[PDB]
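Protein chains in written order, with the authors' numbering: chain A, 0 to 315, 326 to 369; chain B, 1 to 315, 326 to 372.
Every residue gets a Cβ at the ideal spot worked out from N, C-alpha and C, and that includes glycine.
In what follows, a single structure is set out as structure tokens and then discussed.
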Amino acid sequence: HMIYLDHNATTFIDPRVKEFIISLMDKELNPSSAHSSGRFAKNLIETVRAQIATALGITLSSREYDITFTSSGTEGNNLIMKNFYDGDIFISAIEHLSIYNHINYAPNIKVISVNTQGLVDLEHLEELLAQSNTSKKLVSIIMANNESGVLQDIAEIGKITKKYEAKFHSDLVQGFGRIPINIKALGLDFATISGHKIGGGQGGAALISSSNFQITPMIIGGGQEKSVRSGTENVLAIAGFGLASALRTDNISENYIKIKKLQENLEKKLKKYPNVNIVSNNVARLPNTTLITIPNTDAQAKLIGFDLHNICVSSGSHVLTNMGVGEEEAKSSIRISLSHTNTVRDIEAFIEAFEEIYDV
Amino acid sequence: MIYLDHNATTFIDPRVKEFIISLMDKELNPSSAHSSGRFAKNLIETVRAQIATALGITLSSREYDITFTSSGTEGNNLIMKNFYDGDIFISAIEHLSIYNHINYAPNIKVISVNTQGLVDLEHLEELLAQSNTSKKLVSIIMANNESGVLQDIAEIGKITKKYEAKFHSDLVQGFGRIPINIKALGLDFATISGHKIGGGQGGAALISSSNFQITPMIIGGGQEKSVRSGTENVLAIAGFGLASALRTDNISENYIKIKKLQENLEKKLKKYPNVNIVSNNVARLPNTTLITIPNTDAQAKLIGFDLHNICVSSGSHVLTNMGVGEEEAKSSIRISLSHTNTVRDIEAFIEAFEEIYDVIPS
Ligand SMILES: [Ca+2]
Numbered sequence: 000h001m002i003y004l005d006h007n008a009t010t011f012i013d014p015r016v017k018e019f020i021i022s023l024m025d026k027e028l029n030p031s032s033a034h035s036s037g038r039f040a041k042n043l044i045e046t047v048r049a050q051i052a053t054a055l056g057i058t059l060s061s062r063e064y065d066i067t068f069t070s071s072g073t074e075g076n077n078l079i080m081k082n083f084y085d086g087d088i089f090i091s092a093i094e095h096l097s098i099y100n101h102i103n104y105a106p107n108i109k110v111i112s113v114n115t116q117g118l119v120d121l122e123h124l125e126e127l128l129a130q131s132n133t134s135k136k137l138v139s140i141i142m143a144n145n146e147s148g149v150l151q152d153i154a155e156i157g158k159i160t161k162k163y164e165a166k167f168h169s170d171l172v173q174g175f176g177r178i179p180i181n182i183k184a185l186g187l188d189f190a191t192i193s194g195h196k197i198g199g200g201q202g203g204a205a206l207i208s209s210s211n212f213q214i215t216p217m218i219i220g221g222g223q224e225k226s227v228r229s230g231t232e233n234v235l236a237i238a239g240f241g242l243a244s245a246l247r248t249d250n251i252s253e254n255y256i257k258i259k260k261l262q263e264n265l266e267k268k269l270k271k272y273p274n275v276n277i278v279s280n281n282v283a284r285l286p287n288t289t290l291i292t293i294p295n296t297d298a299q300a301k302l303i304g305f306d307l308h309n310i311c312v313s314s315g326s327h328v329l330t331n332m333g334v335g336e337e338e339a340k341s342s343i344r345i346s347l348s349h350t351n352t353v354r355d356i357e358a359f360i361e362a363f364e365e366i367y368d369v
Numbered sequence: 001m002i003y004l005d006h007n008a009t010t011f012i013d014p015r016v017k018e019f020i021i022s023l024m025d026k027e028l029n030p031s032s033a034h035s036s037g038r039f040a041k042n043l044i045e046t047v048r049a050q051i052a053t054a055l056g057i058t059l060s061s062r063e064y065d066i067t068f069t070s071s072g073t074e075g076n077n078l079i080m081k082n083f084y085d086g087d088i089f090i091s092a093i094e095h096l097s098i099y100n101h102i103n104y105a106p107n108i109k110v111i112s113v114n115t116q117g118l119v120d121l122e123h124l125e126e127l128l129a130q131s132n133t134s135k136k137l138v139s140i141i142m143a144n145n146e147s148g149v150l151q152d153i154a155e156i157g158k159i160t161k162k163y164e165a166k167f168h169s170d171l172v173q174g175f176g177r178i179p180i181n182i183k184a185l186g187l188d189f190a191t192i193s194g195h196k197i198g199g200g201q202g203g204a205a206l207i208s209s210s211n212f213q214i215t216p217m218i219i220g221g222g223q224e225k226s227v228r229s230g231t232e233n234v235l236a237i238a239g240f241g242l243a244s245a246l247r248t249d250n251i252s253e254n255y256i257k258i259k260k261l262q263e264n265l266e267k268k269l270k271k272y273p274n275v276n277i278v279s280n281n282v283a284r285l286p287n288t289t290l291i292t293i294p295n296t297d298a299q300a301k302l303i304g305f306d307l308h309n310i311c312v313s314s315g326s327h328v329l330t331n332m333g334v335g336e337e338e339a340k341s342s343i344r345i346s347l348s349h350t351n352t353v354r355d356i357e358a359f360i361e362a363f364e365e366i367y368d369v370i371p372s
């Protein structure tokens with residue numbers, strides 16, 4: 000009976016990924032060990048390193064990019080941000096908190112504004128970059144927004160960052176494995192991805208980085224990940240992450256079409272009600288995320304309504330606030346976020362609950 | 001394939017495995033307000049209580065906080081970085097996750113050990129008496145990962161309290177093997193790690209006194225009361241909790257079993273000449289045997305062991331700081347046991363040892 004429509008918060012482990020993780024669960028896995036068990040573990044994580052590379056359109060033997068395994072997408076975002084505290088940082092107004100909250104710590108960080116549809120103001124970006132006097136610069140702009148699904152024109156942004164010789168990072172967490180991504184083509188120096196949001200289970204994630212930039216570690220010790228990130232590698236999670244990346248990439252088209260049809264179905268139904276606003280309705284979005292506002296309702300209350308109907312959705326909001334949405338309306342938002350495993354029946358169940366919870 | 005390298009990592013306990021698998025079809029984000037999220041939150045709070053019990057404390061006492069980290073290394077980095085702005089004192093035999101802060105912390109001093117690996121308490125006092133900063137951290141590994149040597153943490157704690165220093169111990173190789181009561185020991189802080197006790201990788205924790213505010217290394221969504229952001233690794237935490245409870249409930253039976261294997265192994269090793277058991281004559285863990293064999297190269301001998309399908313390892327700042335010369339230090343072999351090891355594993359090790367080192371009992 001429980002209907003899960005909150006896939007942007009996390010999703011379940013893909014059955015094929017599950018089977019693979021289980022097959023490895025009786026083993027001792029320390030990649031730093033010189034013996035046969037250790038070498039087996041090391042080979043697993045290097046196989047994953049190549050799987051992630053392939054998924055992002057890059058070739059590791061080219062030694063143009065490095066891949067550093069982190070415990071989480073949050074960790075990877077912190078790692079790249081802290082590497083530029085000694086320079087000028089520029090971030091979109093709609094970053095995930097793992098980038099955004101560095102406003103409270105970084106010595107020189109500026110927020111690039113967005114318009115009322117959530118798109119980065121490229122003129123404001125140029126202005127900010129032109130005013131900077133430090134040669135070490137980082138621009139960080141979320142490809143696909145976790146609240147609204149709004150997509151930024153990363154390739155265009157990258158032309159601007161290259162013009163001012165800024166390094167360019169994008170948080171890819173909500174885009175990876177849903178829409179095609181070629182890091183080199185986009186002109187990114189850095190990128191963050193996370194395993195649990197793509198069905199690889201928790202504990203696996205990565206920061207991808209240009210090889211002509213030396214990342215300084217946050218976490219020191221045994222020298223894992225070429226001394227960029229110490230601690231015994233989470234081999235099972237890394238293994239899951241790799242397999243989920245390869246599966247999502249190989250089936251990206253079939254999954255895209257399936258999810259997109261559910262979204263079109265859901266959104267055609269929602270527009271039969273008054274007072275429902277789809278956030279970023281007029282600009283490119285992910286095929287899986289529908290964020291709505293419903294003025295003069297309190298999302299905290301309505302979410303309890305959903306949970307009592309056995310439906311898992313969520314709310315958000327700095328994102329809506331920075332888009333120019335008023336406080337009351339911002340506290341009314343509901344996010345429905347889909348997976349390729351969702352069905353037409355899930356959507357219908359959501360709609361029947363919606364009508365009851367909103368009395369319409 | 002005989003595995004005798006349990007200090008580097010160990011396999012997931014079969015009960016822990018079954019429990020992790022039972023949860024693997026779920027969506028688990030403790031920050032989500034709905035029923036799936038609340039279920040995930042409940043799992044991690046349950047684990048928090050399981051860890052507290054295993055460390056001889058009650059969370060409801062509100063004397064300690066427990067912060068889940070991805071690894072023991074992460075927990076060690078978090079506490080160390082919290083004292084970069086004060087004076088830090090560490091043993092000469094710390095795990096690299098504490099030791100390598102020598103290369104970063106603005107004011108860090110190394111407390112020496114004697115030739116058996118015991119911290120020089122007189123040197124500790126001297127160092128603490130010389131400090132002019134009120135914010136001080138003493139960090140001393142309870143149970144050493146190379147040699148198994150145990151420090152007298154309770155005594156050290158009296159000295160730290162005399163100079164009003166905070167006291168952290170890396171418990172990673174002691175937790176779930178010997179009884180530990182962090183309050184009784186006088187510890188402000190402690191680090192533990194799930195994979196080393198059969199909970200699988202990805203779960204670990206820094207335990208901290210509730211009258212000290214830890215400042216975060218990793219910011220974002222405010223998980224773990226804003227001490228450590230990032231979506232919690234619920235499955236690993238769950239495994240960690242169950243392994244902690246199992247180890248703590250069976251700590252006597254496991255201790256006896258492991259101790260007998262060690263006594264068996266060490267009686268056998270001492271029938272060969274020029275095999276030296278490191279810290280033979282001071283208190284050690286029941287599971288770890290570190291030996292030096294002068295005029296051999298451990299890197300070469302380990303190829304021998306691998307060819308005999310035996311997983312062991314080598315040591326070495328630890329041996330160097332104990333006064334062992336470079337040649338002898340490069341000869342060390344570590345045999346580290348689990349309650350899952352058998353008499354047969356020991357016999358197989360010894361049969362390989364006799365071939366690899368060309369000796370019979372004399
Ligand atoms: Ca001979």
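Residue i, buried or exposed, once every other Cβ within 10 Å from all chains shown has been counted against 16
i, result
"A165 of chain A", "buried"
"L269 of chain B", "buried"
"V328 of chain A", "buried"
"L307 of chain B", "exposed"
"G117 of chain A", "buried"
"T288 of chain A", "buried"
"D13 of chain B", "buried"
"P30 of chain B", "buried"
"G333 of chain A", "exposed"
"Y104 of chain A", "exposed"
"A300 of chain A", "exposed"
Beta-carbon spacing of residue i, residue j below 8 Å
i, j, result
"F240 of chain A", "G203 of chain A", "yes"
"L55 of chain A", "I141 of chain A", "no"
"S147 of chain A", "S348 of chain A", "no"
"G200 of chain A", "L235 of chain B", "yes"
"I192 of chain A", "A205 of chain A", "yes"
"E27 of chain A", "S36 of chain A", "yes"
"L285 of chain A", "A143 of chain A", "yes"
"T73 of chain B", "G220 of chain A", "yes"
C-alpha gap between residue i and residue j, whole angstroms
i, j, result
"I303 of chain B", "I343 of chain B", "12 Å"
"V138 of chain B", "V149 of chain B", "18 Å"
"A245 of chain A", "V312 of chain B", "34 Å"
"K109 of chain B", "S134 of chain B", "15 Å"
"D85 of chain A", "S112 of chain A", "23 Å"
"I180 of chain B", "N264 of chain B", "26 Å"
"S210 of chain B", "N254 of chain B", "32 Å"
"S22 of chain A", "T9 of chain B", "18 Å"
"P294 of chain A", "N281 of chain A", "19 Å"
"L78 of chain A", "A243 of chain A", "23 Å"
"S226 of chain A", "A339 of chain B", "24 Å"
"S70 of chain B", "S70 of chain A", "6 Å"
"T160 of chain A", "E63 of chain A", "19 Å"
"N76 of chain A", "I153 of chain A", "17 Å"
"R354 of chain A", "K17 of chain B", "34 Å"
"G194 of chain A", "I360 of chain B", "43 Å"
Cutoff 7 Å; reference residue i; Cβ partners in own chain excluding five residues on either side
i, result
"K81 of chain B", "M217"
"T67 of chain A", "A205, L206, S208, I214, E224, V227, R228"
Proximal residues to residue i (C-beta, below 6 Å), its chain only, five neighbours per side dropped
i, result
"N351 of chain A", "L261"
"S208 of chain A", "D65, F189, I214"
"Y163 of chain A", "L128"
Helix, strand or coil at residue i according to DSSP, with G and I counted as helix
i, result
"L127 of chain A", "helix"
"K166 of chain B", "strand"
"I111 of chain A", "strand"
"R48 of chain B", "helix"
"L329 of chain B", "helix"
"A358 of chain B", "helix"
"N309 of chain B", "coil"
"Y64 of chain A", "strand"
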